[PDB]
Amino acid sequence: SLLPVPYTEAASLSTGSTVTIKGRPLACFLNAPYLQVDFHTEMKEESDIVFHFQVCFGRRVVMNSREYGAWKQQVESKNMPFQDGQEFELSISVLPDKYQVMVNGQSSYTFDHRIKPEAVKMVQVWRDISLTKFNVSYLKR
């Protein structure tokens, strides 16, 4: 849609930051489109990932971190609030202990911090979606 995918924005995160993403899958759920959101430690795409969030629409969600080039312990969820053929609103909040992921206003996943959120320098949103809105909030000290 409006914003190009893969979408990359330089970013900083701390407690109280919220990342808001509005978009739509590019395929029906029968065809298993993916969505991936990665919080990176540098602008380079090969950099470490403090928070990796990957939706296989209609099947599962996997969350992980990539630290000094290597993937760590995967967290796999079968929770699937996303609806076939529908626009979604994703809200990722930085709490003191974890990221909290809201889908269409409903708490749907959390992921405890493995690396301090202050290590993030970039957010990338990619795979099989179009994007109409992306925002990182910067309202708190």
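One-based numbering along the sequence shown.
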**Prompt:** So which stretch wins on mean C-alpha B-factor, 105-113 or 79-87?
**Reply:** 79-87
**Selected stretch [higher average CA B-factor]: 70-78 or 96-104** = 70-78
**Fill in**
Temperature factor at the Cα of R127, chain-ranked in thirds, falls in the lowest
**Message:** By the recorded C-alpha temperature factor, relative to the other modelled residues in its chain, which third is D38 in?
**Reply:** lowest
**Message:** For the chain shown, is the CA B-factor of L26 in the lowest, middle or highest third of its modelled residues?
**Reply:** middle
**Ranked against its chain, the third holding the CA B-factor of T20** = lowest
**Fill in**
Chain-relative C-alpha B factor for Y7 (record values, thirds): the middle
